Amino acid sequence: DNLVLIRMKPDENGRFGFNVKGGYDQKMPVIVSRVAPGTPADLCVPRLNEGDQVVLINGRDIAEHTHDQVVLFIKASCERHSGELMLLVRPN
């Protein structure tokens, strides 16, 4: 509950501007650890924030996935809808 659905297109070089920590191999939830100024993650509707817990990536439940599996899902450009990365997050 209290979930926020964010869509964002990458910059011209394929970057979104956020960092993540966590994943199944780290025994902790996937959390946004940094959002860089002026990047898609900082300028989206609403902003992606540090501490937000990632629940879905492009509709996919990532609970049992490792950190690097989550990184590849973020970079999987063909799983985006209309070029937008979709994140379903829980604010801290």
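Throughout, we count residues from 1 along the sequence that is shown.
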Exercise. Is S77 missing in a third or more of the other PDB entries that were compared?
Worked result: no
Exercise. As stated in the PDB record, which stretch has the larger average Cα B-factor, 55 to 63 or 31 to 39?
Worked result: 55 to 63
Seminar exercise, completed: Averaging the C-alpha temperature factors as deposited, the higher value of 80 to 88 versus 67 to 75 falls on 80 to 88
Exercise. For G14, does the deposited CA B-factor place it in the lowest, middle or highest third of the chain?
Worked result: highest
